[PDB]
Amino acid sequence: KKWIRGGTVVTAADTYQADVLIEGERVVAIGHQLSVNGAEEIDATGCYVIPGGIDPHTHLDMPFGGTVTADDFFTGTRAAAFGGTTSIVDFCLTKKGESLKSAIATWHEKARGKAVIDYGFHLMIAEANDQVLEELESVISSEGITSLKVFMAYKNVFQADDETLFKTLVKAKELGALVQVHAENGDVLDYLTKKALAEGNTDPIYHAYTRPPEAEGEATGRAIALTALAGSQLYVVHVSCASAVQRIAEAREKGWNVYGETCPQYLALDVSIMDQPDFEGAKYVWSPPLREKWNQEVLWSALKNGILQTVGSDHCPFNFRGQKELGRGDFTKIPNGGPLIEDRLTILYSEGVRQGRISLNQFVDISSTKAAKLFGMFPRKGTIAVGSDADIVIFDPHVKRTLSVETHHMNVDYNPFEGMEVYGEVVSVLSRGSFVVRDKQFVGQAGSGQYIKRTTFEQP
């Protein structure tokens, strides 16, 4: 038994002052004057009390290049916890000619004992031959997985043809699974990529100009069209640019079940930061690339008027030295990815709520709740109500602080928002009503995290 009193609680809907009362793992009662017989106090006067961040886009301990992502399931989840997030959903990668159960098995072992907070998996689909379509039944029922990434880019590495894409959409309809897509046209990027090399433009900046917004717009559009044709449901990850928001809007006007996600870097960074003398642009090499500043407003507007509806990290980080160095000679060999898991929550807060782009209630919805409802964790996660796992987060909105590698908790040598002056700070984080962070101290234990078995798809 724990007792948070003094807090102003904030959810996707409600904003009120009251004490919450946790017993075991779950919130149990909310109000004035509860029955707190002999239970641990926690003072939350002055602070906001909010549900835990859910971060539906994480690639922890992944290979990309012959090298692996810096954070593991321990370093990763900890950093998430530090930066306000209590539950992640990671991308289980399948390898053509692939026991689907054996890939999953691998991702479980990658977590077990390391993870401090709760976590779930998405399942990547490489080919959708008869073999794989069969296995999908097992996984949705037994293995607690009900969402499915298809990459339309990374040619000869992860890329899938329209066939795979469509068969997977129609199955997903049949089984009740959200399909997700990395919507860029591999084929046009490969050509532009191999051409820019032909001409000796090897700098990291040419990572951005070799995958123009027109190519995201196109694949997003395409993936929407098949979803329409299949009668299925879509979640475009990482929308970076206006060309795609346009395509998502358009479909959601015709009432189809299309969904959208950004990340902070597209909300808070632009291309100009890559044009930088020495290898400094490799800090920003990730896909889709950073875009022109015009697009930040459009992305924001979309979140605000409910056109996009979740925010993830796409945390996939690599060290500037040694790792992002593989590829001094050419940008194709820069492993693509950023360290974004930690600051996410608070940049949403500081740049968004605090400068009047979204409401405080939307900030929760956009970082926590809506991601639970799409990925079938609701109401175990993503809210403060009676029954809900006690994934609470006390949050002090008055602190002003500068984001930095000197002070962050991810296991990497840089921070893409290095130097950003920012409001808000994570005081304490509970996961199923146990401290992971207290007064900004790691009091958690490795292995405490539990796998979340998600339910099948249901609108919002």
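Numbers for residues come from their place in the sequence shown, where the first is 1.
Query raised in the report: Do the C-alpha atoms of 42-50 or of 61-69 have the higher average B factor in the entry?
Result: Between 61-69 and 42-50, it is 61-69.
Query raised in the report: With respect to the recorded C-alpha B factors, which stretch has the higher mean value, 134-142 or 185-193?
Result: In the deposited entry, the stretch with the higher C-alpha B-factor mean is 134-142.
Query - Top Cα B factor in the deposited entry, candidates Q355, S243, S313, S147 - result: Among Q355, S243, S313, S147, the highest C-alpha B-factor in the entry belongs to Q355.
Query raised in the report: Per the PDB entry, which option out of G424, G419, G433, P56 has the greatest Cα B factor?
Result: The record points to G433.
Query raised in the report: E25: which third of its chain by C-alpha temperature factor?
Result: For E25, whose C-alpha B-factor we compare with every modelled residue in the chain, the answer is the middle third.
Query raised in the report: Once the chain's modelled residues are ordered by C-alpha B factor and cut into thirds, is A18 in the lowest, middle or highest one?
Result: Answer is lowest: the recorded C-alpha B-factor places it there.
Query - Lowest, middle or highest third - CA B-factor, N319 - result: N319: CA B-factor falls in the highest third of its chain.
Query - Chain thirds of CA B-factor: placement of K254 - result: Lowest third.
Requested in this report: Tell me, lowest, middle or highest third: where does the Cα B factor of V36 rank within its chain?
Outcome: Highest third, going by the recorded CA B-factors of the chain.
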